[PDB]
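We begin with a single chain expressed as C-alpha cells, specifically the form deposited in one PDB entry.
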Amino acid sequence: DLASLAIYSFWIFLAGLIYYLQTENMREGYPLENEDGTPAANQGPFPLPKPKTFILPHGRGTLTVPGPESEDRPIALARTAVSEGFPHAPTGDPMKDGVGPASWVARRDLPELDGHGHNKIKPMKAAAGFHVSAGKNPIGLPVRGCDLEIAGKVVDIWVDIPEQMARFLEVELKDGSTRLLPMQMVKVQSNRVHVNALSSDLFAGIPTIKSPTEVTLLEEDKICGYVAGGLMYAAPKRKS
C-alpha cells in the first residue's frame, strides 16, 4: 500500500541523504594520510565530492574545496614507536614550536573583516565609542598566572565591532611590551585577572602581533593555541 511505499521510499532517500552529508563533510582534511604525510591506502567507502567555490568578500579571493591539503608550516614532532597509532613527541619546546594543544593553523596573515570591510577586531581605545557596559571593567587590573605571580596589567580590551563583544585582553608586561590574552581564558575578579593556563614566566613567550592596532587570523591562532597549550605544558608550574 501507499504507506509501505512511503516508508520504503523514505529509507532510500535517507541513505542518499547520509551519503550526501558525509561527503559534504569531507571537503576538508581528506585525502587521509599516513603519519609521514603520504596518502593512506585506505580512504574508506565515501569518495570526495566535486569541488565547490566560496567567493570571499573584499578582494580576498576564493576557496575551493576539496583541494590540495598542506600544513604550510614545519611540525616539530617525531615518532615514538615503530608502528602507526602512537603519540608523536615534541622535538623541542612544544609551546614555542606550536604543536600538541599549543597548535596553530597557517591561517591567512590578514585580519578578519566585517561586512563593511573594516577590521572586525580592534583595541577598544581605537573603537569609537565602544565602552564597557556591564560587569567588572578589567582595564587596570594586575594579571596573575597559575604560579600565583603577577605577570602584567590589563591596558585594554580588544573588541569585536560588528558583534559588540570582548575578544581579548591586552596585557602589558614588565618590559613595557604587550600581549593579547583570549577573553575565554581569563577570569576577571574584583582585584585581579587570573590566568590558569599560563604561569607568569610564560607570558613573554605569547606570540606577538606585528601591528599594535590590529590582529591577523594567523596571529590569533598562534596566540590562542599558545595560551591553551599552557594547560598541559605549564602543569608543572601549577599549583593548587
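For clarity, a rigid core is taken as the largest C-alpha set superposing within 1.5 Å between two forms. All residue numbers are counted from 1 along the displayed sequence. Only residues modelled in both forms are compared.
Not pictured, yet referred to below: the form deposited in another entry.
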property: Mobile residue between the shown form and the other one, C-alpha criterion 2 Å or more, rigid core, from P31, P51, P212, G205; result: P31
property: Threshold 2 Å Cα movement between the shown form and the other one for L21, core superposed; result: yes
property: Rigid-core frame, C-alpha of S190, shift of 2 angstroms or more between the shown form and the other one; result: no
property: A40 C-alpha moves between the shown form and the other one by 2 Å or more, core aligned; result: yes
property: Comparison of CA distance in that other deposited form with shown form for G29, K52, at least 3 Å; result: closer
property: Shift in CA distance, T64 and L32, in that other deposited form relative to the form shown here, given it is 3 Å or more; result: closer
property: Mobile segments between the shown form and the other one - rigid core superposition, Cα shift of 2 Å or more, 3+ residues; result: 20-44, 235-238
